[PDB]
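For reference, the structure discussed in these notes is given below.
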Amino acid sequence: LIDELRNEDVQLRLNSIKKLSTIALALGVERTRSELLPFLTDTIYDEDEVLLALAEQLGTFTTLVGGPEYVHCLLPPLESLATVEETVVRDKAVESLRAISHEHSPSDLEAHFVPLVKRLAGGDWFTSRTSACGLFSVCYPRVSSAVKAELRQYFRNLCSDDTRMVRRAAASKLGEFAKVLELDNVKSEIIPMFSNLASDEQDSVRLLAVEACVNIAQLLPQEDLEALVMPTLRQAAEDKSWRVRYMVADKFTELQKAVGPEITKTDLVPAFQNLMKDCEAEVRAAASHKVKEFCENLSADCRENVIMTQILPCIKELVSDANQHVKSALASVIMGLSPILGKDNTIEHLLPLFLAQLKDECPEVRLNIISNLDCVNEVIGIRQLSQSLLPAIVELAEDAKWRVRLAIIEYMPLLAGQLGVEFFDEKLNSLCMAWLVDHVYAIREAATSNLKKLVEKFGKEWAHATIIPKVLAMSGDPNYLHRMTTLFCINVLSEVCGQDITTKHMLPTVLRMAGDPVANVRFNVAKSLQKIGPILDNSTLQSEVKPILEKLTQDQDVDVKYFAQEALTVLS
C-alpha cells in the first residue's frame with residue numbers, strides 16, 4: 001500500500017493517490033498529520049496528472065486530519081502545489097485552499113492562512129502571486145480590522161505587478177474581492193484599481209476589466225454608476241484592441257442586467273449598435289448572439305419602440321453581412337424576436353428578413369432558420385411562410401457537401417411535424433426516398449433512421465401507403481448496395497408497423513432476396529430475419545421463415561451460413 005506511492009509505474013501512482021482518502025482511514029487519523037503529510041510535502045515531483053490528483057484530494061482531507069483544530073497543517077503541501085508552474089494544478093491548489101479556509105477558526109485564519117497568502121503574494125516567480133490573487137476573497141470577511149487593512153494593501157500591490165500575468169490575475173479576482181469589502185472602501189480602493197487596470201498597457205489585462213466591470217456595477221447603487229463605472233465601460237467598448245471590444249459584446253446581456261433598465265436605454269443601446277457595426281467580424285458575430293436576449297430585457301414600456309426603431313435597422317444590415325459566421329450567428333436567434341414583437345409587427349418587419357435569410361448562399365444560415373420555426377409558428381401561421389421553405393429545403397438536401405445533407409436529415413422528422421401531414425407527401429416524399437441512394441453511408445444510415453421517426457409522426461397506415469411500396473421496390477435495384485439498403489429499411493420499419501403489414505408485405509420481399517447472386521446481400525437477408533422474427537406469429541416462422549433459413553445454411557459462402565443458423569437460434 002505504502003509501496004504504491006514511490007512507484008515508477010504511472011498508473012499505480014494514480015490508484016494510490018486517487019485512493020489516498022482511505023489510507024488516512026487506515027493510518028491513525030492522528031498519525032496522518034504526524035507521518036503522512038510530511039512525506040506528501042517535499043517528495044512530490046511527478047506527472048501533472050498525479051499532482052492534479054493530490055491538490056484535489058487535500059481539498060477534502062479537512063476531517064481526516066482531526067477537524068478544524070488541525071486544518072492549518074494542510075497548508076504547507078498546498079502552498080507547494082500553488083508553486084508548480086502548471087496553470088491547472090495551481091488553480092486546483094487554489095481550489096482546495098479556498099475550500100479549507102472556511103474550516104479555519106477566525107483566530108486560526110490570522111495565525112496561518114493570512115501568513116500563507118502573504119508569502120505567496122510576495123513570491124519571486126509570478127506563478128506564486130497569481131495563485132495568491134484567488135485567496136483574498138475567502139480570507140477577508142472573518143479576520144481583524146488590522147489584517148483586513150493589510151490584506152488590502154497586499155492586493156493593491158498585486159494589481160500593480162511588474163508582470164502582465166499577475167495584474168491579469170489580479171483583475172480577474174477584482175470582482176470577487178470588491179464583493180467582500182465595505183460599500184465605501186469599494187469607492188476608495190477598488191474603483192481606482194479598476195480604473196487603472198481598465199486602461200492597462202497590455203490588452204490581456206484590460207480584457208478582464210469587463211467582467212470585473214459587471215461585478216462592480218452590481219454592488220453599487222444606480223446613482224453612482226454614471227460617476228464610477230460608466231466612463232470605464234465606455235472607453236472599453238471603444239477599446240483599440242478588438243479582443244476587449246469582443247468581451248463587451250460577450251458580456252452584454254449581463255452588463256445590461258447590472259446597469260439596470262435606465263442606463264440600458266441611455267448608453268447601451270447606442271453602444272450595441274456600434275458593436276453590430278464593428279470592423280472585426282468576431283465582434284459582430286458575438287453581438288448578434290445577444291439580440292433576442294438583449295431585446296427581451298428592455299424595460300416593459302420603452303422596448304417595443306426601441307427594438308423597432310434602434311435595433312431593427314441594424315439587424316437588416318447584418319442580414320446582408322459579408323460574413324457567413326455573422327449571418328448565421330444572427331439567423332440562430334433572429335426568430336425569437338417574434339414572441340416579443342407580436343403578430344402584426346413580425347409580418348411587417350421580421351418576415352421579409354426571414355425570407356431574405358432563407359434564400360441565402362450559406363447553408364448554415366438557412367439551416368438555422370429551420371432549426372427555430374417553433375418560435376414563429378405559435379404567433380404566425382406557418383402557412384404562406386411555407387412556400388419559401390421548399391426551395392431552401394431542397395437545396396440543403398441536394399447540396400454537394402455531405403455534412404450539409406446530414407444536417408437537414410437531422411431536422412427532417414421535426415420539420416415534417418410542423419409542416420403539412422399531407423404537404424409532406426406531395427413535396428418532400430421524393431427527397432427522403434432519394435437519400436437512400438447516396439454515395440455516403442452516413443447519409444443513408446441517417447435517412448433510414450429518419451423514416452422510422454417519420455412513422456412515429458404519421459402512423460402505420462401512412463407508412464403502408466406512402467413509404468413501404470417505394471422502399472420495397474428497391475429490392476430490384478441493379479446495384480446490390482441499394483438492395484442491401486432495402487433490408488436495413490425493413491429492419492427499422494418492421495418495429496413501428498405492427499404485425500399485419502410486416503407479415504403480408506415486408507416479409508415476402510425479404511425472403512425473395514435470399515437467392516440474391518451477391519453473397520453480401522444473402523447474409524443480410526438472414527441477419528434481417530433475426531430482427532423481424534419476434535414481431536411475427538409463431539406459425540409464419542414455422543411456415544415460411546424456417547425453410548428459407550435452413551436453405552441459407554447450405555450456402556457456398558462462409559459468412560452467409562454463419563448468420564443463417566445463428567438465426568435458427570431464436571427458432572429452435
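Letters A, B, ... mark the chains of the C-alpha cells in the order given; residue numbers begin at 1 per chain; ligand numbers begin at 1, in order shown.
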Shell of 9 Å around region 149-153 of chain A, only C-alpha atoms, local chain residues under 2 positions omitted, as a compact mmCIF listing (two decimals) with N, CA and C atoms, in the first residue's frame:
```
# COMPACT_ATOMS: atom_id res chain seq x y z
N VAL A 114 -3.66 33.69 6.54
CA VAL A 114 -3.20 35.00 6.10
C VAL A 114 -1.70 34.93 5.80
N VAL A 117 -1.10 33.39 2.30
CA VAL A 117 -1.47 34.36 1.29
C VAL A 117 -0.35 35.38 1.15
N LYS A 118 0.10 35.93 2.28
CA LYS A 118 1.12 36.96 2.31
C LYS A 118 2.37 36.50 1.57
N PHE A 136 -7.75 36.02 -1.54
CA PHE A 136 -8.14 37.19 -0.76
C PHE A 136 -9.64 37.15 -0.45
N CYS A 139 -10.75 34.93 2.57
CA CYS A 139 -9.96 35.27 3.74
C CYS A 139 -10.63 36.41 4.51
N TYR A 140 -11.00 37.45 3.76
CA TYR A 140 -11.12 38.83 4.20
C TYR A 140 -12.28 39.05 5.17
N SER A 144 -9.35 40.30 11.33
CA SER A 144 -9.41 41.52 12.11
C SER A 144 -9.37 42.75 11.21
N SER A 145 -9.63 43.92 11.81
CA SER A 145 -9.62 45.20 11.12
C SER A 145 -8.22 45.50 10.57
N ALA A 146 -7.20 45.20 11.37
CA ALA A 146 -5.81 45.46 11.02
C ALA A 146 -5.36 44.52 9.89
N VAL A 147 -5.82 43.27 9.93
CA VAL A 147 -5.48 42.27 8.93
C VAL A 147 -6.22 42.60 7.63
N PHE A 155 -3.12 43.52 -1.95
CA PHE A 155 -3.84 43.30 -3.20
C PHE A 155 -3.55 44.45 -4.16
N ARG A 156 -3.44 45.66 -3.61
CA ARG A 156 -3.09 46.85 -4.37
C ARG A 156 -1.73 46.65 -5.04
N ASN A 157 -0.85 45.90 -4.36
CA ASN A 157 0.50 45.61 -4.84
C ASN A 157 0.44 44.60 -5.99
N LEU A 158 -0.48 43.63 -5.88
CA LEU A 158 -0.62 42.61 -6.91
C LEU A 158 -1.24 43.23 -8.15
N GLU A 189 -10.93 52.25 -2.75
CA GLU A 189 -9.81 51.38 -3.11
C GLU A 189 -10.03 50.75 -4.48
```
For residue 218 (chain A): contacts at 12 Å, only C-alpha atoms, fewer than 6 positions along chain excluded, given as a PyMOL selection string: chain A and resi 175-176+178-179+183+186+211-212+224-225+229+254-260
Residues just named, written with N, CA, C and O atoms as a short mmCIF file (atom, residue, chain, number, x, y, z; two decimals), in the first residue's frame:
```cif
data_model
loop_
_atom_site.label_atom_id
_atom_site.label_comp_id
_atom_site.auth_asym_id
_atom_site.auth_seq_id
_atom_site.Cartn_x
_atom_site.Cartn_y
_atom_site.Cartn_z
N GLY A 175 -13.34 41.45 -9.05
CA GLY A 175 -14.77 41.39 -8.86
C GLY A 175 -15.13 40.77 -7.51
O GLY A 175 -15.87 41.38 -6.73
N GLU A 176 -14.58 39.58 -7.23
CA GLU A 176 -14.93 38.82 -6.05
C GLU A 176 -14.37 39.48 -4.79
O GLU A 176 -14.87 39.24 -3.69
N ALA A 178 -14.19 42.83 -4.36
CA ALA A 178 -15.00 44.02 -4.09
C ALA A 178 -16.32 43.61 -3.45
O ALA A 178 -16.94 44.41 -2.75
N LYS A 179 -16.72 42.35 -3.67
CA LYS A 179 -17.99 41.83 -3.18
C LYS A 179 -17.92 41.61 -1.66
O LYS A 179 -18.95 41.48 -1.01
N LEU A 183 -18.98 49.08 1.42
CA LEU A 183 -19.52 49.95 0.38
C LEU A 183 -18.53 51.06 0.00
O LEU A 183 -18.31 51.29 -1.19
N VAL A 186 -14.97 50.26 -1.45
CA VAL A 186 -15.09 49.97 -2.87
C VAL A 186 -14.94 51.28 -3.64
O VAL A 186 -14.27 51.32 -4.67
N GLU A 211 -15.64 41.88 -17.25
CA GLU A 211 -16.41 41.00 -16.38
C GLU A 211 -16.13 41.38 -14.93
O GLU A 211 -16.83 40.92 -14.02
N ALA A 212 -15.11 42.21 -14.72
CA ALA A 212 -14.87 42.85 -13.43
C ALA A 212 -15.73 44.10 -13.34
O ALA A 212 -16.15 44.50 -12.26
N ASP A 224 -24.60 55.98 -8.59
CA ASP A 224 -23.15 56.06 -8.59
C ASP A 224 -22.57 55.63 -9.93
O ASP A 224 -21.52 56.11 -10.33
N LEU A 225 -23.28 54.72 -10.62
CA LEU A 225 -22.79 54.08 -11.83
C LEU A 225 -22.21 55.11 -12.80
O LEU A 225 -21.08 54.97 -13.25
N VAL A 229 -18.46 53.81 -12.89
CA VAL A 229 -18.32 52.65 -13.77
C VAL A 229 -18.36 53.08 -15.23
O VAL A 229 -17.47 52.74 -16.00
N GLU A 254 -25.43 40.70 -19.52
CA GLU A 254 -25.17 40.70 -18.09
C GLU A 254 -24.64 42.06 -17.65
O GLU A 254 -24.70 42.39 -16.46
N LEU A 255 -24.12 42.84 -18.60
CA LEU A 255 -23.84 44.25 -18.37
C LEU A 255 -25.16 45.01 -18.26
O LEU A 255 -25.28 45.94 -17.48
N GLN A 256 -26.12 44.59 -19.09
CA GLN A 256 -27.45 45.17 -19.16
C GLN A 256 -28.16 45.00 -17.81
O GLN A 256 -28.72 45.95 -17.28
N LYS A 257 -28.10 43.78 -17.26
CA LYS A 257 -28.79 43.47 -16.01
C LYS A 257 -28.12 44.19 -14.84
O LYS A 257 -28.76 44.44 -13.82
N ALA A 258 -26.84 44.53 -15.01
CA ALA A 258 -26.07 45.13 -13.93
C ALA A 258 -26.30 46.64 -13.85
O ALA A 258 -26.37 47.19 -12.75
N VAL A 259 -26.42 47.31 -15.00
CA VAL A 259 -26.59 48.76 -15.01
C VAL A 259 -28.07 49.12 -14.93
O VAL A 259 -28.42 50.29 -14.84
N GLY A 260 -28.94 48.10 -14.97
CA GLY A 260 -30.37 48.30 -14.79
C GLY A 260 -31.04 48.93 -16.01
O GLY A 260 -30.37 49.43 -16.90
#
```
Interatomic distance (Å, one decimal) between CA of residue 16 (chain A) and CA of residue 3 (chain A): 9.1 Å
Å distance separating CA of residue 375 (chain A) from CA of residue 335 (chain A), one decimal place: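 Separation between CA of residue 375 (chain A) and CA of residue 335 (chain A): 6.1 Å.
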Selected residue, from A:444, A:98, A:452, A:129, that lies nearest to residue 159 (chain A) when counting only C-alpha atoms: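 That would be A:129, the residue with the smallest distance to residue 159 (chain A).
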In region 68-242 of chain A, DSSP helix (DSSP H, G or I) residues written as JSON, numbers by chain: {"A": [68, 69, 71, 72, 73, 75, 76, 77, 78, 79, 80, 81, 90, 91, 92, 93, 94, 95, 96, 97, 98, 99, 100, 101, 106, 107, 108, 109, 110, 111, 112, 113, 114, 115, 116, 117, 118, 119, 120, 121, 126, 127, 128, 129, 130, 131, 132, 136, 137, 138, 139, 145, 146, 147, 148, 149, 150, 151, 152, 153, 154, 155, 156, 157, 158, 159, 164, 165, 166, 167, 168, 169, 170, 171, 172, 174, 175, 176, 177, 178, 183, 184, 185, 186, 187, 188, 189, 190, 191, 192, 193, 194, 195, 196, 197, 198, 203, 204, 205, 206, 207, 208, 209, 211, 212, 213, 214, 215, 216, 217, 218, 219, 222, 223, 224, 225, 226, 227, 228, 230, 231, 232, 233, 234, 235, 236, 237, 242]}
Distance criterion (only C-alpha atoms): nearest to residue 79 (chain A) out of A:239, A:108, A:360, A:42: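 Comparing A:239, A:108, A:360, A:42 against residue 79 (chain A), the winner is A:42.
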Spatial neighbours of residue 106 (chain A), max dist 9 Å, only C-alpha atoms, sep filter under 5 positions, as a list in words: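 Returned residues: residues 111, 142, 143 and 144 of chain A.
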Write out as a PDB file with C-alpha atoms, in the first residue's frame each polymer residue whose atoms come within 8 Å of region 484-488 of chain A, counting only C-alpha atoms; drop sequence neighbours fewer than 5 positions from it.
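This went into around-v7.pdb:
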```pdb
ATOM      1  CA  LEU A 436     -31.379   6.063 -49.562  1.00  0.00           C
ATOM      2  CA  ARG A 444     -28.211   6.528 -45.851  1.00  0.00           C
ATOM      3  CA  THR A 448     -33.234   5.104 -42.786  1.00  0.00           C
ATOM      4  CA  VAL A 471     -38.926   1.140 -50.134  1.00  0.00           C
ATOM      5  CA  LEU A 472     -39.517  -2.442 -51.267  1.00  0.00           C
ATOM      6  CA  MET A 474     -35.536  -1.064 -54.238  1.00  0.00           C
ATOM      7  CA  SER A 475     -35.198  -4.850 -53.981  1.00  0.00           C
ATOM      8  CA  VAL A 510     -37.156 -10.289 -47.558  1.00  0.00           C
ATOM      9  CA  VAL A 521     -26.973  -9.481 -49.657  1.00  0.00           C
ATOM     10  CA  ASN A 524     -28.061  -9.539 -44.710  1.00  0.00           C
ATOM     11  CA  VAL A 525     -31.244 -11.463 -45.575  1.00  0.00           C
ATOM     12  CA  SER A 528     -32.610  -9.257 -41.315  1.00  0.00           C
TER      13      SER A 528
END
```
For residue 307 (chain A), the nearest of the candidates A:13, A:292, A:457, A:561, counting only C-alpha atoms: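 That would be A:292, the residue with the smallest distance to residue 307 (chain A).
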Contacts of residue 37 (chain A) at 12 Å (only C-alpha atoms; same-chain gap of 3+ positions) as a list in words: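 After dropping sequence-adjacent residues, the list is residues 20, 23, 24, 27, 29, 30, 31, 32, 33, 34, 40, 41, 42, 43, 44, 54, 58, 61, 64, 65, 70, 71, 72, 73, 74, 75, 76, 77 and 78 of chain A.
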Could you write out that same residue set with N, CA, C and O atoms as an mmCIF file, in the first residue's frame?
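What follows is the written file selection.cif:
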```cif
data_model
loop_
_atom_site.group_PDB
_atom_site.id
_atom_site.type_symbol
_atom_site.label_atom_id
_atom_site.label_comp_id
_atom_site.auth_asym_id
_atom_site.auth_seq_id
_atom_site.Cartn_x
_atom_site.Cartn_y
_atom_site.Cartn_z
ATOM 1 N N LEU A 20 -6.245 8.030 -1.792
ATOM 2 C CA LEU A 20 -5.447 8.474 -0.659
ATOM 3 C C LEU A 20 -6.336 8.685 0.565
ATOM 4 O O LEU A 20 -5.851 8.645 1.695
ATOM 5 N N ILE A 23 -6.366 5.697 2.994
ATOM 6 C CA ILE A 23 -5.124 5.370 3.678
ATOM 7 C C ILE A 23 -5.053 6.161 4.985
ATOM 8 O O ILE A 23 -4.391 5.743 5.933
ATOM 9 N N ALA A 24 -5.759 7.298 5.024
ATOM 10 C CA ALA A 24 -5.863 8.118 6.220
ATOM 11 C C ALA A 24 -6.932 7.550 7.152
ATOM 12 O O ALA A 24 -6.952 7.872 8.340
ATOM 13 N N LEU A 27 -4.533 4.413 8.406
ATOM 14 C CA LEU A 27 -3.486 5.034 9.204
ATOM 15 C C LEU A 27 -4.143 5.971 10.212
ATOM 16 O O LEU A 27 -5.114 6.649 9.879
ATOM 17 N N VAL A 29 -5.803 8.598 12.235
ATOM 18 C CA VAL A 29 -6.306 9.916 11.870
ATOM 19 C C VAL A 29 -5.491 10.975 12.612
ATOM 20 O O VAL A 29 -5.474 12.143 12.232
ATOM 21 N N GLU A 30 -4.814 10.526 13.673
ATOM 22 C CA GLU A 30 -3.893 11.324 14.461
ATOM 23 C C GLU A 30 -2.490 11.188 13.871
ATOM 24 O O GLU A 30 -1.707 12.133 13.902
ATOM 25 N N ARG A 31 -2.187 10.002 13.326
ATOM 26 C CA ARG A 31 -0.875 9.694 12.776
ATOM 27 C C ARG A 31 -0.719 10.332 11.399
ATOM 28 O O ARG A 31 0.397 10.635 10.980
ATOM 29 N N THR A 32 -1.855 10.517 10.711
ATOM 30 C CA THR A 32 -1.916 11.029 9.350
ATOM 31 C C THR A 32 -1.132 12.333 9.245
ATOM 32 O O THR A 32 -0.387 12.535 8.289
ATOM 33 N N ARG A 33 -1.300 13.206 10.244
ATOM 34 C CA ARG A 33 -0.736 14.545 10.202
ATOM 35 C C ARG A 33 0.708 14.545 10.702
ATOM 36 O O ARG A 33 1.443 15.498 10.452
ATOM 37 N N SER A 34 1.112 13.474 11.397
ATOM 38 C CA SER A 34 2.434 13.412 12.004
ATOM 39 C C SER A 34 3.405 12.604 11.143
ATOM 40 O O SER A 34 4.618 12.716 11.313
ATOM 41 N N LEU A 40 4.238 13.988 2.000
ATOM 42 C CA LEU A 40 3.488 14.500 0.863
ATOM 43 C C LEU A 40 3.799 15.977 0.621
ATOM 44 O O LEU A 40 3.049 16.655 -0.080
ATOM 45 N N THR A 41 4.913 16.465 1.186
ATOM 46 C CA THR A 41 5.281 17.870 1.086
ATOM 47 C C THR A 41 6.426 18.050 0.088
ATOM 48 O O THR A 41 6.324 18.853 -0.839
ATOM 49 N N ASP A 42 7.507 17.286 0.288
ATOM 50 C CA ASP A 42 8.773 17.551 -0.376
ATOM 51 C C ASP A 42 9.319 16.280 -1.026
ATOM 52 O O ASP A 42 10.522 16.024 -0.979
ATOM 53 N N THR A 43 8.426 15.493 -1.637
ATOM 54 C CA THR A 43 8.825 14.341 -2.431
ATOM 55 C C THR A 43 8.064 14.343 -3.754
ATOM 56 O O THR A 43 8.447 13.651 -4.696
ATOM 57 N N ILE A 44 6.988 15.136 -3.812
ATOM 58 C CA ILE A 44 6.075 15.095 -4.942
ATOM 59 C C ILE A 44 6.604 15.984 -6.066
ATOM 60 O O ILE A 44 6.450 17.205 -6.044
ATOM 61 N N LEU A 54 -3.509 15.172 -6.285
ATOM 62 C CA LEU A 54 -3.103 15.432 -4.912
ATOM 63 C C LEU A 54 -3.802 16.686 -4.396
ATOM 64 O O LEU A 54 -4.400 16.663 -3.323
ATOM 65 N N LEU A 58 -6.457 16.803 -1.148
ATOM 66 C CA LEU A 58 -6.198 17.574 0.059
ATOM 67 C C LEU A 58 -7.351 18.538 0.334
ATOM 68 O O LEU A 58 -7.436 19.117 1.415
ATOM 69 N N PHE A 61 -9.501 16.544 2.817
ATOM 70 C CA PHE A 61 -8.754 15.949 3.913
ATOM 71 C C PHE A 61 -9.080 16.629 5.243
ATOM 72 O O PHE A 61 -8.583 16.221 6.291
ATOM 73 N N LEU A 64 -10.123 14.288 8.018
ATOM 74 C CA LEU A 64 -9.263 13.145 8.278
ATOM 75 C C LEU A 64 -7.948 13.599 8.913
ATOM 76 O O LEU A 64 -7.054 12.782 9.135
ATOM 77 N N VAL A 65 -7.842 14.899 9.211
ATOM 78 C CA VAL A 65 -6.640 15.439 9.826
ATOM 79 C C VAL A 65 -6.900 15.700 11.311
ATOM 80 O O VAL A 65 -5.960 15.826 12.100
ATOM 81 N N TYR A 70 -6.928 21.131 13.294
ATOM 82 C CA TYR A 70 -5.676 20.732 12.673
ATOM 83 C C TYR A 70 -5.713 20.943 11.158
ATOM 84 O O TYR A 70 -4.958 20.295 10.435
ATOM 85 N N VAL A 71 -6.568 21.855 10.674
ATOM 86 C CA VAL A 71 -6.633 22.119 9.241
ATOM 87 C C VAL A 71 -5.356 22.819 8.776
ATOM 88 O O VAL A 71 -4.912 22.616 7.648
ATOM 89 N N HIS A 72 -4.758 23.619 9.663
ATOM 90 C CA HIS A 72 -3.681 24.530 9.309
ATOM 91 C C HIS A 72 -2.411 23.782 8.905
ATOM 92 O O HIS A 72 -1.406 24.413 8.579
ATOM 93 N N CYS A 73 -2.455 22.443 8.925
ATOM 94 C CA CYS A 73 -1.303 21.655 8.508
ATOM 95 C C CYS A 73 -1.588 20.932 7.190
ATOM 96 O O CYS A 73 -0.878 19.997 6.822
ATOM 97 N N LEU A 74 -2.629 21.391 6.487
ATOM 98 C CA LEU A 74 -2.840 21.049 5.090
ATOM 99 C C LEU A 74 -2.270 22.160 4.211
ATOM 100 O O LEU A 74 -2.360 22.088 2.986
ATOM 101 N N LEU A 75 -1.693 23.187 4.849
ATOM 102 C CA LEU A 75 -1.259 24.382 4.144
ATOM 103 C C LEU A 75 0.095 24.154 3.474
ATOM 104 O O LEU A 75 0.208 24.346 2.265
ATOM 105 N N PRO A 76 1.161 23.746 4.205
ATOM 106 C CA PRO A 76 2.470 23.510 3.588
ATOM 107 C C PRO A 76 2.486 22.697 2.289
ATOM 108 O O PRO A 76 3.203 23.071 1.360
ATOM 109 N N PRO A 77 1.729 21.575 2.157
ATOM 110 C CA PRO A 77 1.665 20.840 0.890
ATOM 111 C C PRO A 77 0.924 21.568 -0.230
ATOM 112 O O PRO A 77 1.311 21.466 -1.394
ATOM 113 N N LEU A 78 -0.138 22.303 0.125
ATOM 114 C CA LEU A 78 -0.916 23.044 -0.854
ATOM 115 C C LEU A 78 -0.165 24.304 -1.285
ATOM 116 O O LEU A 78 -0.365 24.788 -2.397
#
```
Residue contacts of region 242-245 of chain A (10 Å, only C-alpha atoms) excluding same-chain residues fewer than 4 positions away, as a PyMOL selection string: chain A and resi 198+203-210+235-238+249-250+275+278-283+286
Saved selection, atoms kept: N, CA, C and O atoms, as a short mmCIF file (atom, residue, chain, number, x, y, z; two decimals), in the first residue's frame:
```cif
data_model
loop_
_atom_site.label_atom_id
_atom_site.label_comp_id
_atom_site.auth_asym_id
_atom_site.auth_seq_id
_atom_site.Cartn_x
_atom_site.Cartn_y
_atom_site.Cartn_z
N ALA A 198 -8.17 48.91 -16.22
CA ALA A 198 -9.03 49.04 -17.39
C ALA A 198 -8.30 49.77 -18.52
O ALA A 198 -8.58 49.53 -19.69
N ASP A 203 -3.42 44.56 -23.44
CA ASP A 203 -4.83 44.37 -23.71
C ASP A 203 -5.31 43.07 -23.06
O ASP A 203 -6.51 42.84 -22.95
N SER A 204 -4.35 42.24 -22.64
CA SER A 204 -4.64 40.99 -21.96
C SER A 204 -5.20 41.28 -20.57
O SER A 204 -5.94 40.46 -20.02
N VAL A 205 -4.83 42.44 -20.02
CA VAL A 205 -5.28 42.86 -18.70
C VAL A 205 -6.61 43.59 -18.84
O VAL A 205 -7.57 43.26 -18.15
N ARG A 206 -6.65 44.57 -19.75
CA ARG A 206 -7.83 45.40 -19.98
C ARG A 206 -9.04 44.52 -20.29
O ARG A 206 -10.17 44.88 -19.99
N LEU A 207 -8.76 43.36 -20.89
CA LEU A 207 -9.77 42.39 -21.28
C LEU A 207 -10.64 42.03 -20.08
O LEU A 207 -11.87 41.99 -20.19
N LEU A 208 -10.00 41.76 -18.94
CA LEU A 208 -10.67 41.19 -17.78
C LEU A 208 -11.31 42.29 -16.93
O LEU A 208 -11.87 42.01 -15.87
N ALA A 209 -11.23 43.53 -17.42
CA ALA A 209 -11.82 44.67 -16.73
C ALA A 209 -13.27 44.86 -17.17
O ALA A 209 -13.88 45.87 -16.84
N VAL A 210 -13.81 43.88 -17.91
CA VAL A 210 -15.17 43.98 -18.40
C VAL A 210 -16.08 43.11 -17.53
O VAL A 210 -17.15 43.55 -17.12
N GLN A 235 -14.95 53.61 -22.42
CA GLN A 235 -13.63 53.60 -23.03
C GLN A 235 -13.29 52.18 -23.50
O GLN A 235 -12.48 52.01 -24.41
N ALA A 236 -13.94 51.18 -22.89
CA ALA A 236 -13.70 49.77 -23.16
C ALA A 236 -14.38 49.34 -24.46
O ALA A 236 -13.73 48.74 -25.32
N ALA A 237 -15.67 49.66 -24.58
CA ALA A 237 -16.45 49.33 -25.77
C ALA A 237 -15.87 50.01 -27.00
O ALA A 237 -16.24 49.69 -28.13
N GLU A 238 -14.94 50.95 -26.78
CA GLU A 238 -14.30 51.69 -27.85
C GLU A 238 -12.80 51.42 -27.83
O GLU A 238 -12.02 52.17 -28.43
N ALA A 249 -19.13 42.79 -25.83
CA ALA A 249 -20.23 42.17 -26.55
C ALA A 249 -20.58 40.81 -25.95
O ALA A 249 -21.74 40.41 -25.94
N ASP A 250 -19.56 40.11 -25.45
CA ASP A 250 -19.73 38.78 -24.89
C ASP A 250 -20.46 38.88 -23.55
O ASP A 250 -21.20 37.96 -23.18
N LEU A 275 -21.44 48.06 -31.86
CA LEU A 275 -20.83 46.74 -31.86
C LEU A 275 -21.30 45.97 -33.09
O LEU A 275 -20.48 45.37 -33.79
N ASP A 278 -19.15 46.72 -35.95
CA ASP A 278 -17.72 46.67 -35.68
C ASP A 278 -16.97 46.17 -36.92
O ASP A 278 -17.50 45.39 -37.70
N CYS A 279 -15.73 46.64 -37.07
CA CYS A 279 -14.94 46.32 -38.25
C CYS A 279 -14.46 44.87 -38.20
O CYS A 279 -14.15 44.29 -39.23
N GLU A 280 -14.41 44.30 -36.99
CA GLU A 280 -13.97 42.92 -36.81
C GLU A 280 -15.20 42.01 -36.71
O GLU A 280 -16.08 42.24 -35.88
N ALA A 281 -15.22 40.96 -37.54
CA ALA A 281 -16.37 40.09 -37.71
C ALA A 281 -16.63 39.30 -36.43
O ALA A 281 -17.78 39.03 -36.10
N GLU A 282 -15.55 38.93 -35.72
CA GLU A 282 -15.65 38.19 -34.47
C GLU A 282 -16.64 38.88 -33.54
O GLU A 282 -17.45 38.21 -32.90
N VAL A 283 -16.56 40.22 -33.49
CA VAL A 283 -17.34 41.04 -32.58
C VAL A 283 -18.79 41.10 -33.05
O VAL A 283 -19.71 40.94 -32.25
N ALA A 286 -20.44 37.99 -32.14
CA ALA A 286 -20.66 37.95 -30.71
C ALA A 286 -21.90 38.76 -30.32
O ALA A 286 -22.70 38.30 -29.51
#
```
Nearest-residue call for residue 410 (chain A), choices A:384, A:430, A:449, A:491, using only C-alpha atoms: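 Checking each candidate against residue 410 (chain A), we get A:449 as the closest.
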Test item: residues at most 12 Å from residue 305 (chain A), only C-alpha atoms, excluding those fewer than 6 positions along its chain, as a VMD selection string: chain A and resid 265 295 298 to 299 311 to 312 340 to 341 345
Writing out the chosen residues with C-alpha atoms as an mmCIF file, in the first residue's frame:
```
data_model
loop_
_atom_site.group_PDB
_atom_site.id
_atom_site.type_symbol
_atom_site.label_atom_id
_atom_site.label_comp_id
_atom_site.auth_asym_id
_atom_site.auth_seq_id
_atom_site.Cartn_x
_atom_site.Cartn_y
_atom_site.Cartn_z
ATOM 1 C CA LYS A 265 -31.530 52.855 -22.875
ATOM 2 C CA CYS A 295 -34.229 42.946 -26.761
ATOM 3 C CA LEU A 298 -35.613 46.076 -22.274
ATOM 4 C CA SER A 299 -37.950 47.775 -19.781
ATOM 5 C CA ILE A 311 -32.299 47.504 -33.044
ATOM 6 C CA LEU A 312 -34.179 46.606 -36.242
ATOM 7 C CA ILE A 340 -41.782 39.772 -28.327
ATOM 8 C CA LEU A 341 -42.918 41.921 -31.266
ATOM 9 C CA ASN A 345 -45.020 43.607 -36.376
#
```
